[PDB]
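Architecture and fold: a report
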Amino acid sequence: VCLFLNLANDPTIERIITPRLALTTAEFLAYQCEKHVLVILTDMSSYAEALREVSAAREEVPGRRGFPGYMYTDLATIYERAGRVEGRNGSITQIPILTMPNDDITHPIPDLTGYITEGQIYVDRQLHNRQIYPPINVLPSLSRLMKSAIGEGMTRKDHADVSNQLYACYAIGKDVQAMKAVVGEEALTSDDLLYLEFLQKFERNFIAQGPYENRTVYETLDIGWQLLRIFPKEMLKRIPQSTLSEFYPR
Amino acid sequence: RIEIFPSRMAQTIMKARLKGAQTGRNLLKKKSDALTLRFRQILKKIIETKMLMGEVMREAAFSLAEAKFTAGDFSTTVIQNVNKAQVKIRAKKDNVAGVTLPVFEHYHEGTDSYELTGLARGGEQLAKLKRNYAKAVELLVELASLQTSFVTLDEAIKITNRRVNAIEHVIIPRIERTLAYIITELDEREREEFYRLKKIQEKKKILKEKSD
Amino acid sequence: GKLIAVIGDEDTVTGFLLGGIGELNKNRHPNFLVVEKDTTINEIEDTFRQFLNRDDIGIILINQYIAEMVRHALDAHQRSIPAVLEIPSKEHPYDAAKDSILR
Amino acid sequence: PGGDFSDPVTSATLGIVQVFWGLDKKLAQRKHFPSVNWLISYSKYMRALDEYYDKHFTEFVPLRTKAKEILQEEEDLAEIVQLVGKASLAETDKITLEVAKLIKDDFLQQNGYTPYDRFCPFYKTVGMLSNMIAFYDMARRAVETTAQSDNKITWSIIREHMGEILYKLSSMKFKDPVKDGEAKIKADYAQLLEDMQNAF
Amino acid sequence: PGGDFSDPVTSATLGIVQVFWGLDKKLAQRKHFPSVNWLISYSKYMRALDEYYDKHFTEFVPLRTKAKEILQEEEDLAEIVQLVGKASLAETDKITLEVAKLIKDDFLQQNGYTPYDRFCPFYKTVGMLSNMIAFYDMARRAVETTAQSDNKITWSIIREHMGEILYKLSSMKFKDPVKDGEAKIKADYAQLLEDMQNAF
């Protein structure tokens, strides 16, 4: 770990050269020393509050919502220092963590980030007040290149189907949980009573993890089958039968 | 049709008032669907038990034809001797999706006013005519339990399908074009601030061209 | 309500009075009316108002042959109680009820 | 009064401070004092306090974990009653709506111009919360185990039964600690937990 | 610009002027001229004019006060009609929704190019207003006095009985005062006051 702090009582010009220092060394470790580098740029909403501060020191007129006009170029000069190259074994991937104000996606900080980055992960207040750690809801979250990342030679060949089936059973189990309050616990069928028992086990065994439990990618999928085994098959319609026969019976 | 003043906190108030009415349809679409699901299977239980009483009332009217063959004509003794009823009904309540339905359940406070009817001629064709029509009353009260819940269900569907269409067509198209007015009016407060700041940076440059 | 009323016929009501549905409180009314061939339509309309506006009448049985005479009268009744049921008779089984029109 | 998270003094403060006690206007107009709402407020000092809470009041961390779910499952069901009403609510859903009603009325509400609630010491805070979650734990157990057992308690059995206990839970905020000893208050709250286990 | 009354020329004018005749665009999408919106418009020359009104037209001050309550309570109930429906209205409210339709079509509407409505003198303004308010007062007397006891007047027979009186009230805008004498026209009204007293 190469750790770069920058406190709030530090100079606000040093917040600008902090992701430029961290990505210069991450371009020395990756594709100059050939090691796979993860760059975690936390509080990317406090970077662009320092970019707005020095933009008023150079006597510029503030653009949209106070932020400068060149913020799409300035954010993309520290995001696009990523990816793999052709002749070297190194790679560099970024997780730029930002706090959108007032849970707004139309703010210029998460809107000019969603234009250049490749899928988002939502930490939401709904699951956080419910005391679920980590409070990551997977219904609006998306990884645009997860169809490339998983596979047979990469993790194992059932990752594409157990991710689609856990996501489809989560949308139904959240939909029928709105039926439990206006219809009743009795009048719903035997199918919708199985999605409600999936919901209380998905958000407590799969998502709810604890801050010191290091689950591998294989221990994640094995929990992903213990929640799909409480359904009978032919409800698991997103999983093909070529992969349903090997991993279901246990 | 707009409501209030654009102030950048009215944009997040109205986005929550839009959030209340966006989930006000999807909470009331399924309530109007749970009422429609029971409405479409009660109607199957109605028509199936209009063809079931078509053969029960055929057997019961033929059992009266067997009883007049044996014991004369008792159509003036039976009609005259009514004093108190034996089979009554009590109104029960049952509900689907929070809307109560009046249903009927029959009970017998049994003292027979026709215990002696015939008794020297007949009496065996009677008390099997009484069984073939008490069985028809036990059926026709279960049909009347499905008639009073049928006509009170589509009374509570029209008050729900109107309240769903009052949100999708009057309340939400008034909010989503109120929110369209906040954004176009908050863009004009930014250009007026843009024109006032560029006016000053043109004036500060001229004063810095004199002091050279 | 708590009673079952029948308009019926001459042979229909004497089968249902043997079922045990008829009650006689002469202060108000009897809870049935035997319709012969020589009763006008004006007499059927008057007792039909009596069974709708009574408190304890919960179920109303009537033959469909009789119900077509007062077909304009029971379509005006659009309440939940009392249930107006249409039953078959001699050589007049069933064509179409007012309740299945409401669809 | 306005500019909740879109205000350049508040949007700059919340990137610096650890604890934010958000005063709500809907609680202040209905005279709920103090007017701190429990959904947009936060505190990032809970991981640093868990070593303190595991030495002095070791029962507290499972209580305020559960006490925030009850205050949050109520607001999930609050928008259901405002649309369709309390008609077809389940027995597990109606059993929070009195405990969450009891928390906002007796635990959270506090009058500082009153000689007993001008300061609530932390044994009185743990003491009345360790009974109002235990009553939630017993009654939730008293519903789901008698479910499918032909005498399922519909919770209106509980409400008329525990009328003295619901008066004992509502009267927990009155146990004056200025003129009432600490050890008496610890004895009074301990008797409610035995009275609850007796009557359940 | 754009029909927006939150305009720095309009908002600077309304802080100076005493009268405000706010025209409306939706009252021109149907040919309702003059298109003065009666809900937002006002006039602050009321305390100055009641001494003139209590000297010349003494009945007029409660006439416009009652006509301003009919026109406002129609807007409170037309919001219910477009959401809930006309079937859930009381009999004191269905009479209001149709005397207001008589006000907006006979009294308020005025076609300036017709010779009978190019100029309406003030005896004709109070003359056709004292008829349509008293008809609302008389049709209120056929509801509250016959409240529940007898077979009462449910407003459906007032339409049928007074089918020519509702034509006598909606055609008073035709009583040309250029070529029709004042005394003539005034007499024509008090006669229509006599016909409603005989018909009610």
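Attention shifts here to the overall build of chain C. Of regular secondary structure, chain C possesses five helices and five strands. Helices and strands appear in chain C in the N-to-C order β-α-β-β-α-β-α-α-β-α. With the principal axes as the frame, chain C shows a C-alpha extent of 40 × 30 × 25 Å. Expressed as a percentage of its 103 residues, the buried residues of chain C come to 51%. Relative to all contacts within chain C whose residues are 6 or more apart in sequence, the contacts with residues 24 or more apart total 66%. Counting every atom, chain C has about 5000 Å² of accessible surface; 48% of that belongs to carbon and sulfur. Charged side chains of chain C number 11 positive and 17 negative; the gap between the two group centres comes to 6 Å.

As a rule of thumb, nonpolar side chains are buried together in soluble globular proteins. Counting residues in hydrophobic clusters, the biggest one holds 60 residues, and the most contacted among them are B:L140 and C:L61. Of the residues forming this core, the biggest block, 10 residues, is contributed by helix α5 (residues 129-147) of chain B. Aside from chain neighbours lying at most four places away, what touches C:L61 is B:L140, C:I4, C:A5, C:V6, C:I7, C:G8, C:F16, C:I21, C:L85 and C:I87. In terms of nonpolar packing, the next biggest core, distinct from the first, is built from 34 residues, D:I95, D:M132, D:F135 and D:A139 among them.

Below, the discussion takes up the pairing of strand β4 (residues 57-63) of chain C. Residues and elements named next belong to chain C. Counting buried residues along β4, seven of its seven residues qualify, which places the element largely inside the surrounding structure. Here five bridges tie β4 to strand β5 (residues 83-87), and the two strands are oriented parallel to one another. Each residue of the ladder has a partner; that of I60, found in β5, is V84.

So, about the sheet that holds strand β1 (residues 3-6) of chain C. Residues and elements named next belong to chain C. Ordered in space as β1-β4-β5, the three strands form an open sheet in which the pairing is parallel. Each having just a single partner strand, β1 and β5 make up the two edges of the open sheet. Here the average twist between neighbouring strands, direction ignored, is 25°. Strand direction decides the pairing type here: β1 and β4, joined by four bridges, are parallel. Following the sheet pairing, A5 is matched in β4 by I60.

This part covers the interface of chain C and chain B. Interface extent is often summarised as the accessible area lost during association of the parts. Counting from both sides, the interface comprises 38 residues of chain C and, opposite them, 41 residues of chain B. On the surface where chain C and chain B come into contact, there are three salt bridges. A salt bridge links B:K88 to C:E23; the nearest nitrogen and oxygen atoms lie 3.6 Å apart. Here chain C is connected to chain B by 10 residue pairs in polar contact.

All names here are of chain E. A cluster of acidic residues, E69, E73, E75, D76 and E79, forms a negative patch on the protein surface. Residue position: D76 is located in helix α4 (residues 60-81). For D76, a relative accessible area of 34% gives the class partly exposed.

The subject of this paragraph is unusual backbone geometry. Looking along the chain, the bond that leaves A:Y133 and enters A:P134 is cis, with omega of -5°. For A:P134, the location among the structural elements is in the loop between α5 (125-129) and β5 (136-137). Following E:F33, the chain continues into E:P34 via a peptide bond in cis, with omega recorded as 0°. Along the chain, the position of E:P34 falls in the loop between α2 (26-29) and β2 (42-43). With phi around 60°, A:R65 is a residue other than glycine that occupies positive phi space. Tracing the sequence through the fold places A:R65 in the loop between α2 (48-57) and α3 (71-79). A positive phi is found at A:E234, a non-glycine position, where the angle reads about 70°. Note on placement: A:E234 falls in the loop between α10 (217-226) and α11 (241-247).

Counting residues at the interface gives 18 residues for chain D, matched by 17 residues for chain A. Taken together, both faces of the contact between chain D and chain A bury some 1600 Å²; the carbon and sulfur share is 42%. Across the contact surface, chain D and chain A share two salt bridges. With a shortest N-O distance of 2.5 Å, D:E73 and A:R130 are connected by a salt bridge.

In this section: the pattern of salt bridges. Applying the stated criterion across every chain, the model contains 44 salt bridges over all chains. In this structure, the salt-bridge partner of B:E192 is B:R189, at a minimum N-O distance of 2.8 Å. Of this pair, B:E192 and B:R189 both sit in helix α7 (residues 179-210), three residues apart, roughly one helical turn. Residue B:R189 is classed as partly exposed on the basis of its relative accessible area of 38%. A salt bridge links D:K186 to D:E182; the nearest nitrogen and oxygen atoms lie 2.6 Å apart. Here D:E182 and D:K186 lie together in helix α11 (residues 182-199), a separation of four residues that amounts to about one turn. Each of A:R130, A:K174, A:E203 and D:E73 takes part in one network of salt bridges that share partners.

For the rest of this paragraph, the subject is the sheet that holds strand β3 (residues 91-94) of chain A. Residue and element names in this part refer to chain A. In spatial order, the strands read β1-β3-β2; together these three strands make up an open sheet with mixed pairing. Bordering the open sheet on either side are β1 (36-39) and β2 (83-84), each of which pairs with just one other strand. Both β1 and β3 contribute to a ladder of four bridges, which runs parallel. From the neighbouring strand, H36 faces β3, where its bridge partner is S91.

Moving on, we get to the environment of A:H107. Residues and elements named next belong to chain A. With respect to the helices and strands, the residue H107 is situated in the loop between β3 and α4 (108-114). Among the residues examined, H107 registers a relative accessible area of 11% and is labelled buried. On a C-alpha basis, the gap between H107 and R65 in space is 8.2 Å, while along the polypeptide they are 42 residues apart. Not counting the four nearest positions on each side in its chain, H107 is found in contact with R65, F67 and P101.

What counts and how
Residues numbered from 1 in each chain as written, not as in the entry; some residues may be left out. Chains lettered and ligands numbered in written order. Part of a larger assembly, values for the part shown. Heavy atoms only, no water. Helix = DSSP H or I, 4+ residues; strand = E, 2+ residues; numbered from the N terminus. Buried < 20%, exposed > 50% of the residue type's maximum accessible area, 1.4 Å probe, protein only. Contact = heavy atoms within 4.5 Å. Areas by Shrake-Rupley, 256 points an atom, 1.4 Å probe, with all protein chains shown as cover. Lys, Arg positive; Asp, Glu negative; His and termini not counted. Charge placed at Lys NZ, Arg CZ, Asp CG, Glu CD. Core = buried A, V, L, I, M, F, W, Y, C linked by side-chain atoms within 4.5 Å. Pairing = 2+ DSSP bridges. Axes fitted to C-alpha atoms, helices over the stretch in contact; angles between N-to-C directions. Salt bridge = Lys/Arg side-chain N within 4 Å of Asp/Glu carboxyl O. Polar contact = N/O pair within 3.5 Å; in protein donor to acceptor, adjacent residues only side chain to side chain. Patch = residues over 30% accessible without salt bridge, like charges linked within 9 Å, V, L, I, M, F, W, Y side chains within 5 Å. Buried area = accessible area lost by both parts, 1.4 Å probe.

As far as function goes, none of this settles anything; it's purely spatial.
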